[PDB]
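Each remark here refers to the structure printed beneath this line.
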Amino acid sequence: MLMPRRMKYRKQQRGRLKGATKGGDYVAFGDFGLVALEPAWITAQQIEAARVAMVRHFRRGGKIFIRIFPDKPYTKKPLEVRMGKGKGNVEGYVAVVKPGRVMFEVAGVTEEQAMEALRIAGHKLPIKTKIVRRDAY
Amino acid sequence: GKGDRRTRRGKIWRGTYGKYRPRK
Amino acid sequence: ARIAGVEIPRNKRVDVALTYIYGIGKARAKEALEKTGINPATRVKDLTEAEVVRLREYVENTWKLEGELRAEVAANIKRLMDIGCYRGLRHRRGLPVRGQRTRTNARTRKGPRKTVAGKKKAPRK
Amino acid sequence: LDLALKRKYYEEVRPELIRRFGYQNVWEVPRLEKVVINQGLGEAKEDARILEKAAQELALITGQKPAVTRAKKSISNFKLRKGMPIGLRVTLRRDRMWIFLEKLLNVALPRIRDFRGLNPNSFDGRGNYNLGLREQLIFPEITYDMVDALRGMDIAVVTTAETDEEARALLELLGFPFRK
Amino acid sequence: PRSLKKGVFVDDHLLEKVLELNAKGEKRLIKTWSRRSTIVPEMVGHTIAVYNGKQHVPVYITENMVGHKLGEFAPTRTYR
RNA sequence: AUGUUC
RNA sequence: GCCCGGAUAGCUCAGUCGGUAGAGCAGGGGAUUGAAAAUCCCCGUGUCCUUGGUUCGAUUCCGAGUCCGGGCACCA
RNA sequence: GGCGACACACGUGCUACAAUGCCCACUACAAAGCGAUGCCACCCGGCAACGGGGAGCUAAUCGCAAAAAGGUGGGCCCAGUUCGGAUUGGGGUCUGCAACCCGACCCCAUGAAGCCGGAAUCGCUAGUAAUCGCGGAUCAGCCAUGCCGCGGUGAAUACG
RNA sequence: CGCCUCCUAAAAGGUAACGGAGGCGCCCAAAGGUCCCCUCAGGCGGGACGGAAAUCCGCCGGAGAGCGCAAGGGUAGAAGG
Numbered sequence: 001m002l003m004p005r006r007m008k009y010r011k012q013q014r015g016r017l018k019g020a021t022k023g024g025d026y027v028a029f030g031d032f033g034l035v036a037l038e039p040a041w042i043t044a045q046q047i048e049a050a051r052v053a054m055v056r057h058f059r060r061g062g063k064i065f066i067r068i069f070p071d072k073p074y075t076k077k078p079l080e081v082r083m084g085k086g087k088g089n090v091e092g093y094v095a096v097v098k099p100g101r102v103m104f105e106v107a108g109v110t111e112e113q114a115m116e117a118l119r120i121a122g123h124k125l126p127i128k129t130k131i132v133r134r135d136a137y
Numbered sequence: 002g003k004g005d006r007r008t009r010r011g012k013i014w015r016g017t018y019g020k021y022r023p024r025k
Numbered sequence: 002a003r004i005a006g007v008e009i010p011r012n013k014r015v016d017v018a019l020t021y022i023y024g025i026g027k028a029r030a031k032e033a034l035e036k037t038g039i040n041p042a043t044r045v046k047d048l049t050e051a052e053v054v055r056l057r058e059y060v061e062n063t064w065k066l067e068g069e070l071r072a073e074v075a076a077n078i079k080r081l082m083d084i085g086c087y088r089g090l091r092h093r094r095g096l097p098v099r100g101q102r103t104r105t106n107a108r109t110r111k112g113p114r115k116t117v118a119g120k121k122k123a124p125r126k
Numbered sequence: 003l004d005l006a007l008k009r010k011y012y013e014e015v016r017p018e019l020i021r022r023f024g025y026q027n028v029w030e031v032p033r034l035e036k037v038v039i040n041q042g043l044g045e046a047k048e049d050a051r052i053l054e055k056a057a058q059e060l061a062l063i064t065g066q067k068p069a070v071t072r073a074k075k076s077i078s079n080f081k082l083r084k085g086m087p088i089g090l091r092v093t094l095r096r097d098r099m100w101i102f103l104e105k106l107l108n109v110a111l112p113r114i115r116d117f118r119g120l121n122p123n124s125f126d127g128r129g130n131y132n133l134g135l136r137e138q139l140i141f142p143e144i145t146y147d148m149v150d151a152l153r154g155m156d157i158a159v160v161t162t163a164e165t166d167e168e169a170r171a172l173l174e175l176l177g178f179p180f181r182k
Numbered sequence: 002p003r004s005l006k007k008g009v010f011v012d013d014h015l016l017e018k019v020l021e022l023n024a025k026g027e028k029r030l031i032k033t034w035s036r037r038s039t040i041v042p043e044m045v046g047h048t049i050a051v052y053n054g055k056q057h058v059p060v061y062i063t064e065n066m067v068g069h070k071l072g073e074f075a076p077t078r079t080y081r
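Protein chains in written order, with the deposited numbering: chain K, 1 to 137; chain v, 2 to 25; chain n, 2 to 126; chain E, 3 to 182; chain t, 2 to 81.
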């Protein structure tokens, strides 16, 4: 069970396009931090496809911080040439993504589950990650 | 009333002496 | 005119307004006229102001009632459900805290009715 | 006039306050502020005239002609389409609110719909208080009066009353008991 | 109205019971076979049984039941 | 002036 | 999958301009009859597709899609 | 404990729809009974219930009992009302040793309802309808408004 | 298919594409001239018929109220009541 969706209560109009904001994000609110690699707009999908394996691969349980949010689904006019409307609407939501931008910060489980946590999370995607430290908190 | 007391139209169809049936 | 919490009665003879009140036991009445004599044969309208007054506070002060009648109302019933009386599952269930018959008339606490149905092919007598 | 409240508070309330608490400045003690009077119903253009029937008796009943507040629009309105008036109002600080109330209080009050109790708890937390209502003839000068009439009403009050501390203070001062 | 001046109604054994308690002490609570008798103070709280004709229905006796009896607080009869 | 079942 | 037109109670269907919702049937129950069918009698069970708007107010003006029907998709 | 269980459908009885309905001081008149360990006169405490107490008849003189429906004067002005009972609280009662479920009441306070019921289905040709009552059995004491029994009043009407 | 507010639009001003989200073809005698007058939305609570919401008073809170009807700017030294 659990088949819903998630995206700003309702709409928020449907329009935007892109950049690169060559990365961003600060210290942290949690422990063993998850640091990104690649710069792009992300899919609800790729997200889920990660915490998954981790979690159950986190039997008794798991846990990690989840920094970001949804912003704009997308277009992609299904077939033919190209004019108006906004297909690809309720199709796929993207979160704002900066190069190396932070994404998460584990706990409870040390570099036994926490190590791989990131080393499998990243794997789940094309890009990869590293741990936390201090920086400032 | 018919089914009502404190008079006679009831004390009759019921059977109840009380302060309403002695004499002196 | 206020022998108690707003005594609206006014527009006749004592033998006209009187006990049509709420907490009303005609007894003390023949006492306003017994112990004293504030008779009945006096048209409220002119109900001698002397009578008027002495009668007013007559049963206004000291004499608890009307509102206090409501008092016990709760005590009896309410005191029964705050406790463990069966008659308690009566008043508190729209059941007439009187203890009489069964399946024959409700119009005591709750009232009227809502129906359901009957065994498919259920007759009448 | 020169009766109750007058040589009352102004010769008696003061000489009490004194030790019956530690006060300082005069114009900064359990003084006073204003006497507020207001009313509302729920009906509008029932014919538009009945509305003025109240308009008739009421105001003058107290002994004062106030300002009006009737109508808003022939709209649905959630709590009734009623044209949408509200009621009326006015206030005072002169001896109109002096002897006027002396009577309505020691008199109209106790002839209440259930004596042996007073509401000194419908308090706010300062010189702000409120008590609704629904009577008429209970008034001293207006005993009975206008059966053909009939309706509800309400009142508000204002004083320094750092809190109902100065409020209730007036309470027992000259009546105004505690509901118990 | 509560009629029957005095002598109202009680049993024999049951009393031998209370007195024990109001003698040797409050001790332990108890239980009962049938039913039918008026209430008093000296016995309250000291709950016991009241095997209603069908199944046990004891009452943690209290005071609300001032000087009433067992008639009112003797529940039974199906429902719901 | 009009009317069906065991 | 373009557009026009389409989701009332059990369901067969109304509702020219918004603010006191229907009927036909329906079924409920009384009054029938030997029993039963044809009655006479009286009622209430609808969030009028969820969701999102104006307006104080929306079943009736406004979109979204789940779906519903008509037309819809030719030389090439 | 329990057939004297509750959400609703038919019956058959007692009453409000009250202003020929209202009440009282008082004042007038039937039959059938039925009386034993039975009907209790009658004075009264008691506003009362009850009960005390005590005679008859030893039994058709002694009991039920007086009346009721009336007379009258004296007293409201269709209001859903000097209407009305649901009802709800209690105070005493009383047979039963004892009455919470359910007792039968002396007595205090309560105002559902409701201006006569759709469609219908009910007796009865003379006292006939209709009405106000009194006594029978049963139960030890009972909600028997039962069916049993007797009368002071007493209409209509029927082409066919 | 004529026009109305913002986006696109790359900070003067312009700026295009079967690109996103909204609009008008009316109304006014008073919704208009003119002069003295407020405050707001509203959070609190005190408080009949007042469950948000009947309504009223003290506190705070300057515009988010609000100013024919879209959006936007202006605006409480108000057009605005």
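Backbone N, C-alpha and C define an ideal beta-carbon position, used for all residues, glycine too.
The C-beta of n/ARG104 comes no closer than 8 Å to any C-beta of chain t. Across the stretch 96-122 of chain E, CB contacts with chain n closer than 7 Å involve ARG113, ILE114, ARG115, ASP116 and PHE117, in sequence order along the chain. The shortest C-alpha to C-alpha distance from K/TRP41 to any of K/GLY61, K/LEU17, K/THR110 and K/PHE29 is the one to K/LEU17.
Under the three-state reduction of DSSP output, t/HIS57 falls in the strand class.
Exclusion of the five residues before and after t/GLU27 leaves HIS47 as the residues of its chain whose Cβ lies within less than 7 Å of its Cβ.
E/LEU139 and n/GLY6 have their C-alpha atoms spaced approximately 12 Å apart. Counting C-beta pairs with one atom in each stretch, the stretch 105-112 of chain K and the stretch 62-81 of chain K have three or more that are closer than 8 Å, which means they touch. In this structure t/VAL51 touches t/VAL58 by the C-beta definition: roughly 5 Å separates them, less than 8 Å. Between E/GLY154 and E/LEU135 a beta carbon distance of about 7 Å is seen, short of the 8 Å cut, so the two are scored as contacting.
Annotation: n/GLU52 has no Cβ neighbours in chain E at a cutoff of 9 Å; minimum Cβ distance is about 17 Å. In terms of Cβ geometry, E/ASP126 and E/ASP166 form a close pair [threshold 8 Å].
Listed along the chain, the chain t residues whose CB falls inside 7 Å of the CB of n/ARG80 are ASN65. Apart from the 5 residues on each side of it in sequence, E/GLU54 has no Cβ closer than 7 Å to any other Cβ in its chain. Following the DSSP letters along the chain, one finds t/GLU21 inside the alpha helix (DSSP H) bounded by residues 14-25.
The C-beta distance from t/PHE10 to t/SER38 rounds to 6 Å, short enough to meet the 8 Å contact threshold. With respect to chain E, the C-beta atom of n/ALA75 has no partner C-beta closer than 8 Å. At a cut-off of 8 Å between beta carbons, n/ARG88 contacts chain t. Three or more Cβ pairs closer than 8 Å define a contact, and the stretch 84-100 of chain n falls short of that threshold against the stretch 28-44 of chain n. Just so you know, the alpha carbons of E/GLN41 and E/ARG51 end up roughly 18 Å apart.
Around n/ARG11, the beta-carbon contacts reaching into chain E at under 7 Å are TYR146. Judged by DSSP secondary structure, E/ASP126 falls within the beta strand (DSSP E) whose first and last residues are 125-128. Beyond the five residues adjoining it in sequence on each side, t/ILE49 comes within less than 7 Å, by CB distance, of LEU30, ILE31, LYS32, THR33 and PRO59 in the same chain, given in chain order. Annotation: the continuous alpha helix (DSSP H) that includes K/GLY122 extends over 114-124.
Among the residues facing chain t, n/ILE84 is included, as its CB has a counterpart in that chain under 8 Å away.
Look at n/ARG110: its C-beta is not under 8 Å from any C-beta on chain E. Collapsing the DSSP output to three states places t/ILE62 in coil. In terms of Cβ geometry, E/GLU174 and E/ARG128 do not form a close pair [threshold 8 Å]. K/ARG101 and K/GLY19 do not touch by the CB rule: their CB atoms are close to 13 Å apart, not below 8 Å. By the CB criterion at 8 Å, E/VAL159 and E/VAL15 fall outside the cutoff. Under the three-state reduction of DSSP, E/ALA158 is assigned to strand.
At least one beta carbon of chain n lies nearer than 8 Å to the beta carbon of E/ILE140.
In this structure n/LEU66 is not in contact with n/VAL15, their Cβ atoms being roughly 19 Å apart against a cut-off of 8 Å. A residue is called buried once 16 or more other Cβ atoms fall within 10 Å of its Cβ, and K/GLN113 is buried on that count. When only Cα atoms are considered, n/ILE9 and E/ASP147 end up about 11 Å apart. The distance from the Cβ of K/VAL94 to that of K/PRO73 is about 7 Å, consistent with a contact at the 8 Å cut-off. With its beta carbon at least 8 Å from every one in chain E, n/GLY24 lies outside the interface.
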